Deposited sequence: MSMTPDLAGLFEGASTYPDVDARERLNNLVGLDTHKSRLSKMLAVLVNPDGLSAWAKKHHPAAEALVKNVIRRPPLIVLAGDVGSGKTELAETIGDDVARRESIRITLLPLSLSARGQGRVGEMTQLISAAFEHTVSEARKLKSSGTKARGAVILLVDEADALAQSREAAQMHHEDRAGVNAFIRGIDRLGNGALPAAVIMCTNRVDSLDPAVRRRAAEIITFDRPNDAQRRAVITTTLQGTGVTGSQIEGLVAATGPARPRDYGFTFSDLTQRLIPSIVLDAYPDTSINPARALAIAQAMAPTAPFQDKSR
């Protein structure tokens, strides 16, 4: 057993993906890297059509072990992104995708990789994503990743960590890509705020004030500070008898201090 396996495409995953705001770049990179890892021919074909004289442009990208690391601040949506991104990959490559979430550790890791290899052999018609929410056992994991990379099996591994320095170096150096979730920049803060406040009549000038109030002005808000503190506070301040007040929303953002690093 594993945990709760999901297949893609999925209406609920798509809805959850859509609800992630300010992560558009992280979505695109995670989705496209996964597509390359399971179907590397698509990257080779893109290279030939657009840059045929390119010698090392993709040579580095293709041969990487099929592991993607999501690293950064807690509460940024890393896990929620990893659990739903397979819907995007399924759309992008037009394949059906089985997600295996990994919930004595050495036995568990081996088993997970053995199952992943077996299912990938049965399947490029489809693909298999192994998801690891943590964190002898490191060696079982390394051997598993290498085994997926040695073969042409349509399989990839996503692993989430709060701090990339927590990861064993032999795991880190095998990541085909590391995607970082640090404090949102002005554009990312703008997207979360605009998307959330749409249809409330908040002007663009008032949005920029909240963008500035949540920036470093010297560290800014985390993604968590926006989604789990500031957004609820703004909504609840008006609920249930009042419309959203930009002056109060700004006063809330300014009095609120960011999570310290």
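Several segments of the deposited sequence are absent from the coordinates, namely 1-9, 113-122, 143-148, 161-177, 260-262, 307-312.
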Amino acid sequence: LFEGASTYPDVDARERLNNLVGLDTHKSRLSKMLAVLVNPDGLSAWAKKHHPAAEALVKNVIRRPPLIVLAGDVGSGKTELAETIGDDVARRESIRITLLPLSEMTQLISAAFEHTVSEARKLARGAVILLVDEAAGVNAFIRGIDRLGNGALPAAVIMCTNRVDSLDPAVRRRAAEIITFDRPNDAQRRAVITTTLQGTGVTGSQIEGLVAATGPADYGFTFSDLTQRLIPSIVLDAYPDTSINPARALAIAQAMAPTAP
From here on, numbers count along this sequence of modelled residues.
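Averaged over CA atoms, B-factors in the entry run higher in 43-51 than in the other of 62-70 and 43-51. The stretch with the higher mean CA B factor, choosing between 224-232 and 206-214, is 206-214. Looking at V128, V138, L131, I145, the one whose CA carries the top B-factor in the deposited record is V138. Residue set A156, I109, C160, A90: peak C-alpha B-factor at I109 (per PDB entry).
When the CA B factors of the chain's modelled residues are split into thirds, the value for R121 lands in the highest one. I178 sits in the lowest third of its chain by CA B factor, as recorded in the PDB entry. In this PDB entry, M256 carries a Cα temperature factor that places it within the lowest third of its chain's modelled residues. Sort the chain's modelled residues by C-alpha temperature factor and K78 lands in the lowest third, per the entry.
Ranked by Cα temperature factor within the chain, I85 sits in the lowest third according to the deposited record.
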